[PDB]
Structure formats: C-alpha cells, structure tokens
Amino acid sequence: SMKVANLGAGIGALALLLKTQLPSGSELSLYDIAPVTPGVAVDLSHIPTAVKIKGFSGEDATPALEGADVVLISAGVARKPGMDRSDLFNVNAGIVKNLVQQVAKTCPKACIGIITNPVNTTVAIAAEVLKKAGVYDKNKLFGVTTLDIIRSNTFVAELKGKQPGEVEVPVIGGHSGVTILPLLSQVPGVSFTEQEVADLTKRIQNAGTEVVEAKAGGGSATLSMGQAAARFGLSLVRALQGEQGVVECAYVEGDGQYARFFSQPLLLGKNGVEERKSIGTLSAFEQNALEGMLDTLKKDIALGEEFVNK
C-alpha cells in the first residue's frame, strides 16, 4: 500500500487525478498554506474510489508527510511566460527549501518529485537541503519534466497524423527554454525536415506561451501540468509496487557527463531510479542543441546550490 503526499495541492487538478487513478488501498495527503485545503480533500473524499484522502493547511507539512512513499512538491507560484518575474525566483526557492527540510525530517526515504519551477534550479536546492540533513539519495530525487514529453507527443502526433496516445518522444536536458531537448530523431517511422525540427523544437520550448496568450495573460498551463505530474506520480507508484518496464524521462543527479543534474530516460524500480538509460544516438541538430544549452543549464544548477550553501 502506497502513500502519496502532494505539497502545494492548489486547485486540486493533480489531487483529482490521483484520487481517481491511484491503486485501491493507496492513501493521498494534500498540504497547502491555503486554508481551504482540508476541504479540498473532503470534496475529493466524496468520490467513491478506494483511496483515503486527507487535507492539511497552516505552516507544518509534517502530518501530510508521515509515512509518505512519494512526495510531489508543486507549491509556490506557477510558471507563466510573459509574467514580470520580479521576486518569483526568491519566493519559490524559499518554499522548496522549507518543504524539503520537512521531508528530510519526516519521510527521508520517500521518492521526491519537484514540480515547483524553475525545476533546473529547484532540484539543486532540494539536493543540497537533503545533503545538509545527511539523508540525500540521488535515486529518489526527481525534477518533473513530464510536461515537456506530453507536449512533444501532442505536437508530433498533430504534425504527422498519428494517434496522440501512440507517440512517445524522449526529451532530455532541462525544463526551461533552450535546455528542453526533444529527440525528434528517435521517433520511429516519422521523419522531419530541418525546418520542421527547428519549428517543433521551438514550439515545445515555448509551449507555455500559447496558453498564457490564449488566456490573455490571465493564467497558465495548470491543467496540463496537473496531468503531467499525475502521469509521473503514477509511474513512480507503479515502479515502487514492483511493475517492470516503467520508463520516464526526469531531471536527476546522474553521472554528470553533461551537467550535475540532467534529464534522461530512467527505468524506475522499487528504490526509485533502477537504471539511468542512455540518451541514445543524436542527430547533428540535437548534438548541437545539447552543447548549446549546457552553459545555461550549469548556471541554473549553480544558482540553486548557492541559495542553500551561501
């Protein structure tokens, strides 16, 4: 039986998906500073699935974290391309630090998925916090990049007339702008012109903008983010329960060949990362894009390390 804790439950799109899709016998806790959160859980408790759900508010996440196997951290303010980002970094960084300290004290053996942006940096914050607490397990800390994958699947399927559900695009690197690297060259049976590669890559890297613009500045990609986080969360749960062949791309502390943290295909298992898989063969376009974004990625990482260690 598995327990998932969602810190920063917000409006509860992620919570809704977990309540309806977690296996029978699971438990789900929701925590958010918003005082409505216990009632968000009560709302969901009326849905007749065999998933016990409880909600918590105030400043202490500990009750939601007790016995958690998976912790999904989506607290903070949501990424919104075009928003004046004044103060947003310092705010989310402080939130992640605070929440991960509580995880370290309460459920240090949990798999931890950082959704809170910017993921490239916030994962590094989390790692440093866990290290300072002496409980860091590189195999159990993930930046959730799944949104980039599902966006790529949708766009590729649309361009090439495939069933959206049957397309699976590997996406490596990081979770922001030029650090997002969709491996279009690896999609079987489909071939792209150089122009299509260039156009699709940019669309995927700036997909959030389509949403913000269609909302006339009024919001962001909250529902698809929820869906993406649910996919990742459920993959972790299946793997932790012993299902085999569970593969997801995610941002983890790997061998450090490209950067300290880097998103690559991962076989998940009973202890988190079972195997970090090869990124495979890259086209020239891909190899160049990879090299081109390393300076930005390394800076993102350094920024997070400094937040905790300086």
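The numbering used is simple: start at 1 and walk along the sequence shown.
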query: Can you tell me which stretch has the higher mean Cα B-factor, 234 to 242 or 140 to 148?
result: 234 to 242
- prompt: Looking at the deposited entry, does 56 to 64 or 249 to 257 carry the larger mean Cα B-factor?
  reply: 56 to 64
message: Comparing recorded Cα B-factors across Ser263, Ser29, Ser45, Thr281, which one is largest?
response: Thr281
message: Using only the C-alpha B-factors in the record, can you name which of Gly219, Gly161, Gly177, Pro170 has the highest?
response: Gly161
message: For the chain shown, is the CA B-factor of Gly272 in the lowest, middle or highest third of its modelled residues?
response: lowest
- request: For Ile33, return the chain-relative third of its C-alpha B-factor as stated in the PDB record: lowest, middle or highest.
  value: highest
message: Ranking every modelled residue in this chain by its Cα temperature factor as given in the entry, which third contains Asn92?
response: middle
message: Quick check on the deposited entry: does the C-alpha B-factor of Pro118 sit in the lowest, middle or highest third of its chain?
response: middle
field: Entry-reported Cα temperature factor of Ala13, expressed as the chain third it lands in
entry: middle
